[PDB]
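Here the structure is laid out as structure tokens; the discussion comes afterwards.
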Amino acid sequence: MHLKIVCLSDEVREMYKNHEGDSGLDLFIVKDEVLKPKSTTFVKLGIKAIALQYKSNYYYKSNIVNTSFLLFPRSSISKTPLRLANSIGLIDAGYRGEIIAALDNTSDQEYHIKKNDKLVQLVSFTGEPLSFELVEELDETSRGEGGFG
Amino acid sequence: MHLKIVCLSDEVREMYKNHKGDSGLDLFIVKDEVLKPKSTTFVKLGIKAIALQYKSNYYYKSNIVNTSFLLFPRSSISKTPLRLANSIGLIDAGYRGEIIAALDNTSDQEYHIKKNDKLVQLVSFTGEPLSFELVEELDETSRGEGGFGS
Amino acid sequence: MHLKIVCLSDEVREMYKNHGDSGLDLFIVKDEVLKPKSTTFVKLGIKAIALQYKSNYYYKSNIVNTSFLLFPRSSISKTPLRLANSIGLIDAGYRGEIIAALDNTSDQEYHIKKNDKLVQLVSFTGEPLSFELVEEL
Ligand SMILES: Cn1ccnc1C(NC[C@H]1O[C@@H](n2ccc(=O)[nH]c2=O)C[C@@H]1O)c1ccccc1
Ligand SMILES: Cn1ccnc1[C@@H](NC[C@H]1O[C@@H](n2ccc(=O)[nH]c2=O)C[C@@H]1O)c1ccccc1
Ligand SMILES: Cn1ccnc1[C@H](NC[C@H]1O[C@@H](n2ccc(=O)[nH]c2=O)C[C@@H]1O)c1ccccc1
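Protein chains in written order, with the entry's author numbering: chain C, 1 to 19, 24 to 65, 79 to 166; chain A, 1 to 20, 25 to 65, 79 to 167; chain B, 1 to 19, 25 to 65, 79 to 155.
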């Protein structure tokens, strides 16, 4: 699966210019942030992303198409008090919004995520190796980050 | 992937006639229910379902088959204190029971769910788009809601 | 999909020798006390690879190793244990022991017993699973 990732700030772009014939693509925490104790915080991952797979035959009742994909916790999240609220995120084929990780802080202390933490990863519904590239837009629409003005 | 869904009551049938390219199919909470604080409740979704996909050759040591499939939380469950106790439910190809969501109320107060809330969704193992239709039975067994009599 | 499982001990091998569906259950292999309000890395005492047919995938001889998944069993929900990382992703390249990160959410300790089945191995496609017990991967 191949992902096109639009970084929403330059600080993020520099993180991903760094960065793997692997199943998951790790995502960065892009900004130091405090998570209140006993809370769910919607943590903005500062990127938009489209995933491409070869067209496939599926039952329902241009070799390369958009596809839905998954936001998984990284196994090393287990070591912390944070847990993904929604278990596993399902990003649909369309999707053009900022990817959000919803993290439950299960402790009663506040928790500091730091820039460059990796808590979550994108994963293909097929488990296949992921490749990505930075692009400036996903498509022509404003939500795509493309088009005029 | 195509879901044949059997609604277990008339009330549920109407909710599914009225239903709003997509990878998950939202399921309704079908009955106002109070969930106790700090507990796990097995919330009956009032439906049974099977999933149909193209037959595949798979390594294991008409072209439409029954397939196993996935029960995911909707991401809007995040706003609530309700968490899905088994993370992602696996429903096997053969399963003819009512679909249950096991919801942990992590809050220390009672949580009230309403008829028409949508907290969970069915999703295909391959993430392809889903269609569904409402049917009177899944198969000929009683558990499947079908066959002769009562 | 098909799994090659190396049992890490004499005693574990037994449990799998005396064990086609969508997930393969894994045993709790030794009695253990889980502390209250805690996360424990519970060792399952197996190594495993998974084999599926090669596929064309977009990216920029019959068989290959694929990634597979570690799901909780639906029955885990009767316990106060939760899988910390929701669903475990075991990569194609992984040769180490399989661990289940379990959160004990109880304010009391919780004892797991050998022959408990709390988690299960599932394939990316939901296809029926099979395994054999080898000596090495
Ligand atoms: C938080 N928030 C504020 C406005 N919209 C939202 C959300 N919308 C879900 C979309 O986000 C995408 N989405 C889905 C799952 C996920 O884990 N991360 C996502 O970005 C595809 C889903 O379609 C939202 C996002 C994450 C957790 C909860 C809720
Ligand atoms: C709690 N309870 C009381 C009577 N039945 C149940 C349970 N049903 C397990 C089966 O239901 C199906 N099942 C599996 C996972 C799931 O998330 N939802 C389900 O309906 C397939 C599984 O085969 C049960 C249900 C949900 C979670 C845990 C346990
Ligand atoms: C516990 N521990 C000590 C040294 N390394 C670890 C761990 N490392 C992750 C590897 O284990 C494999 N792994 C991944 C996810 C999972 O649920 N179970 C696993 O066994 C493949 C992953 O690559 C570890 C294991 C489990 C949860 C968190 C962390």
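Note that CB positions come from ideal geometry on N, CA and C, so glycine has one too.
With 6 Å as the limit, the residues whose C-beta approaches any heavy atom of ligand 3 more closely are C:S92, C:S93, C:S95, B:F46, B:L88, B:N103, B:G106, B:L107, B:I108, B:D109, B:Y112, B:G114, B:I116, B:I117, B:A119, in sequence along the chain. If you look at B:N83, you'll find it in the beta strand (DSSP E) that goes 81-83. The C-alpha of B:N103 is placed about 17 Å away from the C-alpha of C:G144. Nearest in C-alpha terms to B:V38, of all of B:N83, B:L120, B:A110, B:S60, is B:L120. Non-local beta-carbon contacts of B:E127 in its own chain, meaning distances under 7 Å to residues more than five positions away in sequence, involve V38, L39, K40, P41 in chain order. In the DSSP assignment, A:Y16 falls within the unbroken alpha helix (DSSP H) covering 10-17. Interface with chain B (8 Å Cβ-Cβ cutoff): C:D121 is excluded. For C:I130, not one C-beta of chain A is nearer than 8 Å to its own C-beta. With contacts defined by Cβ atoms closer than 8 Å, C:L88 and C:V152 do not form a contacting pair. The Cβ of B:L101 sits closer than 8 Å to at least one Cβ of chain A. Between the alpha carbons of A:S159 and B:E154 lies a gap of roughly 47 Å. In the structure shown, the three-state DSSP call for C:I51 is strand.
An exposed status is given to C:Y64, since fewer than 16 other beta-carbon atoms sit within 10 Å of its beta-carbon.
In the three-state reduction of the DSSP assignment, C:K4 falls in the strand class, which pools E and B. The beta carbon of A:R13 sits closer than 8 Å to those of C7, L151, all from its chain and outside the five residues before and after it, given in chain order. Per DSSP, B:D125 lies in no beta strand (DSSP E) segment and is marked neither H nor E.
Secondary structure at B:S104: coil, using DSSP grouped into helix, strand and coil.
Residues are counted here when their Cβ sits less than 9 Å from a Cβ of chain B; for the region 147-163 of chain C these are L147, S148, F149, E150, given in chain order. When only Cα atoms are considered, C:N61 and A:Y58 end up about 8 Å apart. For C:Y64, the closest Cβ of chain A is nearer than 8 Å.
When beta bridges are read from the DSSP output, B:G28 appears opposite B:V140.
A Cβ of chain C is located within less than 8 Å of the beta carbon of A:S104. Remark: C-beta atoms of C:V140 and C:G28 approach each other more closely than 8 Å. Under the Cβ distance rule, B:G114 does not count among the residues neighbouring chain A, no pair being separated by less than 8 Å. Closer than 8 Å to the CB of C:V140 there is at least one CB belonging to chain B.
The shortest C-alpha to C-alpha distance from A:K52 to any of A:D109, A:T123, A:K132, A:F142 is the one to A:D109.
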